[PDB]
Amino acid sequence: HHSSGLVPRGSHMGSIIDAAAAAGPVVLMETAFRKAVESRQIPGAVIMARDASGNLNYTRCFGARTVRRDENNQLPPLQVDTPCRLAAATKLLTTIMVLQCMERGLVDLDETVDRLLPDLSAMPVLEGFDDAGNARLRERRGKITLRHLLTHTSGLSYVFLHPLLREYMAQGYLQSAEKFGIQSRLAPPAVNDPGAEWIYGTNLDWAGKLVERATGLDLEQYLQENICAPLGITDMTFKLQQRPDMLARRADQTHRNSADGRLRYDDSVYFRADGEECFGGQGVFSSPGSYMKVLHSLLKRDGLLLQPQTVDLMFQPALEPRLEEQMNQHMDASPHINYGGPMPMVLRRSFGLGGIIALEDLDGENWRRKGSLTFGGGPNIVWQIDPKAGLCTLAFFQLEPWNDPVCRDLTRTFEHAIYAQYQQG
């Protein structure tokens, strides 16, 4: 029997083991993250999950925001409020800003870009190269609309992804299209006509210019007034170099070397210069906490950023059958790029406004459902919103290259565990 005036706890090996039940999925998953930090496989990570109701409000932070030791010879922690490089996780923010312009009657999604982006309309299509080493350029067929930009179906690509453009750079055509070591996302030509194929490209850099020109505000000021202010966010900016308080606390980028799998400090150009202009495809710095506030508002359909019916538009498959099948073919054949991060490498998908849409359940009732929206950012950041499950999640790393196996595996383990314990319906 228990001791007088003391709580009856476990008094021997039998009842102490039985004092608490076995470890559930989330506890086991946290141990995997702690082991990855301890064994030096990752620098650190922040993982977050929320439902609409508020009953799920889960945030865990592991490890360091850098591999560089501080003034006290320590590795400072990656925190929920640590300023991080979002890279392509910026695209969701820019998509929201575009849709607000639509709501306010400043733009129409199906109007051609010619009016606000005559500099894009005038850009030719790079068809190939001549034998002497000269670009063969031609006129675009059909018009680019704002909806082509939001769905990556405009004909635009990225220089570091398409072979025609990689050659274009090698020939010296983009020597003068860069400042502070940051290359312009507006200078390079298109590689196809609009509507022809899904191609990942500088579409949101152009869409951000459209927002600036539609509103008469620079994207930074538009961001502050229309996304940050309504959510009470004070640390989300294109202009990190103008915020000494964020600079003093920011993450460093870490890179994993292909040869020995070791983590090294990545002296990224993006952390020493903001660049002259706001690039809505890649340019925002923020904390995981503030990014989750964006995801959560969208999940809740609380009208703080967009009207609920406009948010619903983001989750609708935007691609006609021909493009849907071409995008899926491309993505299935490109696991070395892997736009979908932790998702199964073969999956029926479409593209919405702001990310990839799952057209089927990822694993029946165990994980993300049909209708879920997702994308990511370079440093292994992955976000998703799942209206059917009533969940949104984010996994924030500051580690390149994209599609790192350790990060992807941990991210999958995180989501699986959260869905197993907390998914509803």
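For every residue, the number given is its place in the sequence shown, counted from 1.
Note on 328-336 vs 182-190: mean CA B-factor is higher in 182-190. Stretches compared: 300-308, 130-138. Higher mean C-alpha B-factor in the entry: 130-138. When the C-alpha B factors of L75, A273, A87, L295 are read from the deposited coordinates, the top value falls at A273.
Ranking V80, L120, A259, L204 by Cα temperature factor from the entry places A259 first. Ranked against the other modelled residues of its chain, the C-alpha B-factor of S53 as given in the entry falls in the highest third. In the PDB entry, a CA B factor belonging to the middle third of its chain's modelled residues is recorded for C101. For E365, the recorded CA B-factor ranks within the highest third of the chain. Only modelled residues enter the ranking.
The PDB entry assigns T145 a C-alpha temperature factor belonging to the middle third of its chain's modelled residues. Among the modelled residues of its chain, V107 has a C-alpha B-factor that falls in the middle third according to the deposited record.
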